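The sequence shown runs 108 to 777, 786 to 1333 under full-length UniProt numbering.
Following: one structure in structure tokens, then a few remarks.
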Amino acid sequence: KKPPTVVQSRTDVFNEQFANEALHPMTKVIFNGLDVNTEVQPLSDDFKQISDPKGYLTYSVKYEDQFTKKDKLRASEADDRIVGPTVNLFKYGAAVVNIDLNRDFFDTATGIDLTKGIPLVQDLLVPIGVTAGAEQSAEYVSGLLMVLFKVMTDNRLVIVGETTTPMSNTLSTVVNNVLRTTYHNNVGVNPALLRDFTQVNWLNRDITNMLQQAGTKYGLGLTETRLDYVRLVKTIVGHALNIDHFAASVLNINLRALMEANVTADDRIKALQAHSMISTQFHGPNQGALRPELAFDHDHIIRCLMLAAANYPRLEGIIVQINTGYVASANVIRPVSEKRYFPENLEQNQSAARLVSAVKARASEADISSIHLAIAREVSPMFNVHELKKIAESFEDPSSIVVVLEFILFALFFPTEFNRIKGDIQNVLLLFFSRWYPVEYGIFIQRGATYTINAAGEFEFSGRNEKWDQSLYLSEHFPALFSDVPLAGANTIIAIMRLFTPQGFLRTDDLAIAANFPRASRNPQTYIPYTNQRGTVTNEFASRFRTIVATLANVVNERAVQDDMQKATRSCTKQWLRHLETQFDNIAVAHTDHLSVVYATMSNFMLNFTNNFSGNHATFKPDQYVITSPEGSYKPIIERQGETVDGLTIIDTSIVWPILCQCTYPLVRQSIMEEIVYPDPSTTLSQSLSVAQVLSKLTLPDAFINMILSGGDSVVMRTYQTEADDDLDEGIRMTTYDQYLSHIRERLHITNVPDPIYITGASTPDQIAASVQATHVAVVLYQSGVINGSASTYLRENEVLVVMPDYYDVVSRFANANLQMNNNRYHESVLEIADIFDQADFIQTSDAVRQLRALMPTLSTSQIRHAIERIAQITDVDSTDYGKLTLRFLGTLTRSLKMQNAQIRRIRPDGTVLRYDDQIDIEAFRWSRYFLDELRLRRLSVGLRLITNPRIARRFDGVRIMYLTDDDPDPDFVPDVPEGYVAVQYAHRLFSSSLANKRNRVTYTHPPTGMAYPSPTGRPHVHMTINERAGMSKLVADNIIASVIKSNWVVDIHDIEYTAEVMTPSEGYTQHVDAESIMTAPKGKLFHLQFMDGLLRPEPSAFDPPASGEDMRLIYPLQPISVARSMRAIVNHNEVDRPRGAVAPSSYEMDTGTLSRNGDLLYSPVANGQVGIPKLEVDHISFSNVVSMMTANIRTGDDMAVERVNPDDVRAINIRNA
């Protein structure tokens, strides 16, 4: 390579040993403004800032090609921007008008295909174990998941785009009563603008009839103007757009939570004071309420950081690397190549040759990558359990007291990292005491080598001489040397363990709570190792080491004279023990003045979210949270698995020998002044936001499918009937105890209810009602005895689930007075968990999600895995230039954890999952709200009203085969079953091959008569109902469709799926559907039937010679087709005033109404003194709404500029109390 010219490298060692000082900062000019040095990024990249909003539902028109005219209609020049694109979409000749999902919002980038009318996503939920072409029907059920997913993640926030203001004398008076003084250039399309502009007379009459009612009042444009309180400029205007109320409700939730958060851009200063030095100052710029911002979400970030520690245990390497980057950027400890482990004329002394082999064998070289790592491990959270670097000592000589002095200095410099490995230090120290104090060692062992904490606060010592392992750190056993309980006879061992006590204080996170940062406790309190020591002659931290060595020089003296070693070999020990006295006085000025303001400001970072230490080694344990789940195993947060970050778990206690001796500090040298480097906030702020932005959207498809399937779990019950004339559901509902133990009992420890009562036969129904009113699920437990006839009347009426231990003679447990209940009279049916449980954010029991689970196929724990990997393929998350460095660091595995009804609970150190406690855990752990944001539950409730809308539910099931003529075509015509038919359920027992007339024929047997009907000609009038269509022969299906044409049967097939597009008579039928595929197809094939609206057919001339053929029609629907129809046949008939069956638009489509103070949309009031009906209560669809949009004077989420002022002296910064 290079290596340069060893003369030039000999002056390299001379250069880096004798460094100097430069860089005077004075310039120094008058500035009559605000001297901005740094900029601040926004705390939450949350909102997009689109200008013209696109709705969820838009109009769609299929024109009839003959009556229409393909020109653009030309109104007046001022009206063509308002009325123009409406009359060009509802142009004269519109056959049908359908209301469907918007294609350029639910575009091809989200994988939703809206070509066939319904949403269809390809490979989200595919049923397994079916025929290879039977997955098409399940795409609708997985299509509505992605439509619900896009509404939920719709973070748009409308800014006023390119509006225009017309003159009032340029618009006609039929528009000038409508237009509210301005309008966007993209006005959209809405049939209320068709008033006095459309050619069609009955449509112009029906819209004039509706807009003159009291029930509606259509407007367009500016309604509200929230002028600001101080600057007097307009901030939030409400424009009455032309947009549907499912998209206008989401756009108002994004504004009602941005402007009514009342946290400005100046609260980013609170997030800088945490990520900078203590008692620094930030000035200006006072941007006020014209620069709003979301509050930093405390409940969500601390909820995802408990998944991110469980799924990704390499997260400890992220937070330490961010904390190491703050230590190395402070220039806090700088190594040098000059050793001073020994005083002058002691290393070459022959007496201490046994001593200098014990200090130079422990003191490693001063590598800066590990001293900075040792500081940063302290305030960091612990995820992998730290274990000790193995120290092999036998404690033979009195010069082996160095190893104990290694542990004293490691207990004072790093008391937090002393606690995490204090047990493996006992494994070394029990070889120390057992070879120096053998009389008092056995007195200590007979009490115990470990102890536990009793519930009554006592110390239950075990009594077993056990070597400690770093597992048992998570269990209830403690190291027994650190109990600080006096023992009679062992007074010396307890006295030396009083030298490992910490010398610090307990500082609350005052700058982190006010910054509203994530914390995993109630009072976030960290342990700073030593108090700032301003203005003292004798340093009160260095004087602690005076009294430690004064005890250790009596321990090493009694060990020396017991084995009558030399006067010289003992004097060289005590000269070395007071050389550690002198070298500690030089650095205790610089630890307790310059480190104690670094450990203070590192305890306020965003990602240092746990308590590290309390102040007592005898009682403290880390709060062991887990991610519990009833349908899986709990994954602990703090969990020893040895998964290193390549040297992060191995704690090296030899780090204190370079810290004590061969490290120069920026306060020891007074004589130059170092001009202490205050690090900038933006390096550790932007590394903490980028991690908290990546993992906030990392379990985002993990959360969505596990929110829909939250109640998808089920139990097995039986329904014992107790009277006559009962159905399958009425009766006493009874399940087994093992079915209760696996599913229902673990969900009662989550919902925090008492145990249900044990009814013993002698239980009145006012006792069972006491358990149902307390435990909110209707579940009681059986114990013994015979339950009286009084309580059987209560369990029948309220459907209370009774839990039995076994199904052994179950009627004998009830006092069956009616004698209708029998051991073989029941209906073994399922019972979903969502049907008996209900909480706010635990089980989604809403009526929208209730329907989708009935449309999903038989799922698995492998298809939920495929549905998560498919959503994360679609939505590639936002990833900054630091976030890509973290995602390929953790980095790949996520599917090891069940997320079914996952909550966050503590555990006992024994291993049992505790309940939620109102006074120990934080309030963000009681209900993990599907691990979602605060906003995206409010967007979700608008999305649930969009899925259960009948206007988009166009997955048509059920089909009818009949042989009527097609002379008046319309999709609404379900053919009526005639008068004298006989309804017959389909079964394979009916059709069979029978020799009839010299030929084997398929023979139908009519079940009311039993007659055999071999030919399909003389078969009776039968209304056959097919429910199965599975295992059906092809020859049988040939006979049935032959029986429809010949013998006029009506065949219903209820178990089919199809879509339907309403054609026009000029376009005609493009593609047909055969009757072979309508019978012999797999269960999940999604058909596409085309129906023709024969209302706009060309009426034939009166002198036309007639044609020959007839238009027949074989396949008919069951339910009304075109539920999405708004208007139909927009023409004017020449004989009659309005055409046959042509419909008028509903008045709810034209109603702006007002905007409520909460932010919900309201219709127009029907009378005075009446609050208007909210638009999300009814199932009607409104296409004009008031959307709260911000103006050009807001600028949500830009970089604001501050002034950082460094403090003057690093010794003048107070830490405690404040």
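All C-beta atoms in this analysis are idealised placements derived from N, C-alpha and C, irrespective of residue type, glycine included.
Alpha carbon of residue 1335 to alpha carbon of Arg484, nearest angstrom | Here the chain has residues from 108 to 1333 only, and residue 1335 is not among them.
For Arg1272, which of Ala1127, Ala364, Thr271 and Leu1110 has the nearest alpha-carbon?
-> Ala364
Who pairs with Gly345 in a beta bridge, going by DSSP?
-> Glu331 and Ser1303
Integer-rounded CB distance, given that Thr850 should sit under 8 Å from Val830 | 6 Å
Three-way DSSP call (helix, strand, coil) for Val248 in this model = helix
Please indicate yes or no: does the CB of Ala1307 lie closer than 7 Å to some heavy atom of the ligand ATP?
-> In the structure shown, the ligand ATP is absent, as is every other ligand, since no ligand is present at all.
When we look at the beta-carbon of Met133 and count the other beta-carbons within 10 Å, is it buried (16 or more) or exposed?
-> exposed
Using the Cα positions of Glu184 and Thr305, report the straight-line distance between them to the nearest angstrom.
-> 17 Å
Cα-Cα separation between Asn361 and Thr431, rounded to whole angstroms = 38 Å
Do you know how far the Cα of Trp575 is from the Cα of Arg1023?
-> 20 Å
Going by other Cβ atoms of all chains shown within 10 Å of its Cβ, with 16 needed for buried, is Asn719 buried or exposed?
-> buried
Put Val1028 into one of helix, strand or coil per three-state DSSP.
-> strand
Express the C-alpha separation of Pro442 and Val427 in angstroms, rounding to a whole number.
-> 21 Å
Span of the beta strand (DSSP E), counted from its first residue to its last, around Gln1100 = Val1097 to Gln1100
Run of the alpha helix (DSSP H) containing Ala402, from where it starts to where it stops | Counting along the chain, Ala402 falls outside any alpha helix (DSSP H), and DSSP gives it neither H nor E.
Relative to the C-alpha of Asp1036, which residue among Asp730, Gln882 and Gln640 is closest?
-> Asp730
If I'm right that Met1194 touches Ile1156 with Cβ under 8 Å, what's the distance once you round it to whole angstroms?
-> 7 Å
Which partner residues does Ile902 have in the DSSP bridge list?
-> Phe929
Sort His1121, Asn1154 and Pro1232 by Cα distance to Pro1090 and report the nearest one.
-> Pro1232
Cβ atoms of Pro773 and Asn262: under 8 Å apart, would you say?
-> no
For the beta strand (DSSP E) containing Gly1073, list its first residue and its last residue.
-> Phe1071 to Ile1076
Beta carbon of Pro1180, beta carbon of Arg1212: below 8 Å?
-> yes
What are the boundary residues of the alpha helix (DSSP H) that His1169 is part of?
-> Premise fails: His1169 lies in the beta strand (DSSP E), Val1165 to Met1178, not in any alpha helix (DSSP H).
Meets three-Cβ-pair contact criterion under 8 Å: the region 1132 to 1152 and the region 1169 to 1183 | yes
To the nearest angstrom, how far is it from the Cα of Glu503 to the Cα of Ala597?
-> 22 Å
Using the rule of at least 16 other Cβ atoms within 10 Å of the residue's Cβ for burial, across every protein chain shown, is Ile787 buried or exposed?
-> exposed
With a cut-off of 8 Å, do at least 3 Cβ pairs link the region 650 to 665 to the region 737 to 753?
-> no
On the three-pair Cβ rule with 8 Å, is the region 568 to 584 touching the region 611 to 620?
-> no
In terms of residues, what are the limits of the beta strand (DSSP E) holding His390?
-> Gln388 to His390
Cβ-Cβ distance between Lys1113 and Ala241 below 8 Å | no
Got a sec? Which residues, its chain only, sit under 7 Å from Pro743 by beta carbon, not counting five neighbours each side?
-> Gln731 and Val733
Would you grab the beta carbon distance between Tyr199 and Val307 for me? Rounded to a whole angstrom, and I think it's under 8 Å.
-> 6 Å
Assuming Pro1322 contacts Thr387 (C-beta within less than 8 Å), just tell me the rounded distance between them.
-> 6 Å
Three-way DSSP call (helix, strand, coil) for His291 in this model = strand
Have a look at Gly749, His346, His1136 and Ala1196 and flag the residue whose alpha-carbon is nearest the alpha-carbon of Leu495.
-> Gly749
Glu567 - containing beta strand (DSSP E), residue span | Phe566 to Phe568
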